[PDB]
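First structure 1, then structure 2: two forms of the same chain, each alone, as structure tokens.
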Structure 1
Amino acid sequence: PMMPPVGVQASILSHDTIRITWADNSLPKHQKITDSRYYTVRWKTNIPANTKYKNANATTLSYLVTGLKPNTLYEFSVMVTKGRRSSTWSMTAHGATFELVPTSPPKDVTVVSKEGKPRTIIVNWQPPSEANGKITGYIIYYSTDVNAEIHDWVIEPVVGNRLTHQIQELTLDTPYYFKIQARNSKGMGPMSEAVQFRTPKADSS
């Protein structure tokens, strides 16, 4: 049948855009379409599970792929059609999009009293679902005042490769409020909605 396209290349332009380019050997050198042929570009990533390929027809030997996820590895392959004639899918090329500032907050913010140390709390969380890059840190904000302005909250910076943190010297039988935000090489993500935790009191023996 028809010879599949060759030299599929992915040029990274941003966090959501990749330009795909390919060569057609059946075409004169370089690189004039003089017939009714059209190309089909297909792409997907491995996140979330069981995604299907996205497709697009291209009139020439390039295609700009938009609306991609940040810091994501995509696969790309090209095929050619001419009315009745159709080639197979080319060798696959890969391309990873650039990072973007996180666009969603840390999740599942859980606050517990440390066993045997009731003046210590443990803050446990899950990463943002939209990290958009390697998390380089988190920021835990806490206050005894639910209405205090954000700059008046106690700041507790934390590493990005950990999801648990301990805060000591707190007051017993006291309500505390916690907010977390993620950070990457591009900057700060949004803050999670404040979570309340009242510290325990003493049980006299």
Structure 2
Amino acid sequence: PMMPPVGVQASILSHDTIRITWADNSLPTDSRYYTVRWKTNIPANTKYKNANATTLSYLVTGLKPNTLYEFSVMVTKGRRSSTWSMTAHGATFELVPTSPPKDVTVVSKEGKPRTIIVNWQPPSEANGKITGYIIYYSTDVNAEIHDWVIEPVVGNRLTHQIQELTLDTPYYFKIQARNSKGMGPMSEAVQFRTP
């Protein structure tokens, strides 16, 4: 039985890249190769992805942003092979949201016709901790973004009330998520006509 690699470390490079490094004790030049394996910590049922390396490091790419991964290495030299090394852990950096806030809806507030309530769900691809949202509304759907009225939502709140709206007026609403990295994409405009 071959000696498994030691001193396994993870170096975070981006939202999709982690460098894995290790040491091989069976070295003081031959046909040996290392196999790096990784899977996300959660869900616990995740199948391992793996790659071969001929050096004492491997660049794990195509990872998901803001995700914790487990890494382990083994060595093979022909018919002989080792077990999996100690596990190294590494969580990719955050990235701007890459998806809009889901399930956007607008209702009129109970007994307040000039008041509306916006309701939504966090984006599917938040890619980090949501630091807020930005609501935009307009009487004209085709108006340039600066012409839309800005209504910021602080923190991961999933509701926001907008008061003093013109009656019997069709309004248009769209939202974008915000994280430590910036603004994500906008939702498709939802139309709502005030009573």
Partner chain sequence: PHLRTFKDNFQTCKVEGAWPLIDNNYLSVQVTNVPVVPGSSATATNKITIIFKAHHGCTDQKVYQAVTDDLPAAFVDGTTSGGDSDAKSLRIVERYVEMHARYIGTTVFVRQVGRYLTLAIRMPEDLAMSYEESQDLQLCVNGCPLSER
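Each residue is numbered by where it sits in the sequence of structure 1, with counting from 1. Under this definition, the rigid core comprises the largest set of C-alpha atoms superposing within 1.5 Å between the forms.
Number assigned to the form solved without its partner chain in this pair: Answer to the question: structure 2 is the form solved without its partner chain, whereas structure 1 comes from elsewhere.
Comparing forms between structure 1 and structure 2 after core superposition, the one residue of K107, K114, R85, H94 displaced by 2 Å or more at CA: Of all the options, the C-alpha that shifts by at least 2 Å belongs to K114.
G67 C-alpha relocation of at least 2 Å between structure 1 and structure 2, rigid core basis: After core superposition, the C-alpha of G67 moves less than 2 Å between structure 1 and structure 2.
Residue shift check between structure 1 and structure 2, rigid core fit, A56 Cα at least 2 Å: Result for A56: no, shift under 2 Å.
Did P157 shift 2 Å or more between structure 1 and structure 2, C-alpha, core superposed: It does not reach a 2 Å shift.
Shift in Å of the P175 Cα between structure 1 and structure 2 [rigid core superposition]: Its C-alpha moves by 2.4 Å once the cores are overlaid.
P127 CA shift between structure 1 and structure 2 in angstrom, with the core used for superposition: Residue shift at the C-alpha: 0.8 Å.
Shift in Å of the C-alpha at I47 between structure 1 and structure 2 after core superposition: Displacement of the C-alpha, rigid core superposed: 5.2 Å.
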